[PDB]
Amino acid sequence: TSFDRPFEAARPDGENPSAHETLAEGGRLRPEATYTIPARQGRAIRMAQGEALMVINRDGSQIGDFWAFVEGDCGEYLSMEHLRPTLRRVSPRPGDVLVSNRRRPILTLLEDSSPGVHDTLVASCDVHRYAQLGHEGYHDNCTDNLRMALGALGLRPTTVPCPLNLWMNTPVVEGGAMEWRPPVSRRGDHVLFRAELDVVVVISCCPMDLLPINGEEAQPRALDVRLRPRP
């Protein structure tokens, strides 16, 4: 879309199967069954309050862009800029209550088998990022994956929140620069979240494949999820 036209948080800039495939009807997963979010794509997952969701780094080096919205109101969402002052920390650890843009609990991070490195600072990739990196034509991207995954449940975001970039390792070094590093996750590492409200979670398997880190571009792969019922 030409920049003379207004920005539209809900409008995808292109298409992939995220527009039409859902993990299960209504995003309501069967409990204790593993589902796979394909490489380069996003999916939405409904959770009832008290349920838990495992997100598993299936192949070990993949970044997962993670969002959560209140059921019935995409205008209230897990909010990185509210998360940080509430915890007085840049990124969450197991036991931390993660808040919405109303500063109320929306999720609790319960487990993290990795060394605990994640990024809360960086926007989701989008077509403008790929154009800036030299790419010709459409590139799959996390912002479009969010839009499509929500759209497949009949939902439209009114803003694109900052993702929680699961397993992304971009530390801030002395002097204020952000330094690209490879992930420190390993195959099978997981995080576990508990829903503190009824929510819609969205996860995008980031398709970034144009940024050499330590001599090699990322190679987009899938992520696994598994829902645990409320006891």
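In this text, residue numbers run from 1 along the sequence as written.
According to the PDB record, 174-182 carries the higher mean C-alpha B-factor of the two stretches 193-201 and 174-182. In this entry, 24-32 shows the higher mean Cα temperature factor of the pair 43-51 and 24-32. Across the residues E81, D112, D96, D73, the deposited record lists the maximum Cα B factor for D73.
In this entry, the residue among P105, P85, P161, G137 with the greatest C-alpha B factor is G137. When the modelled residues of the chain are ordered by their C-alpha B factor, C125 lands in the lowest third. When the CA B factors of the chain's modelled residues are split into thirds, the value for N101 lands in the middle one. Per the PDB record, residue ranking by Cα B-factor puts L210 in the highest third of the chain. For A152, the recorded CA temperature factor ranks within the middle third of the chain's modelled residues. Annotation for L146: CA B-factor lies in the lowest third of the chain's modelled residues.
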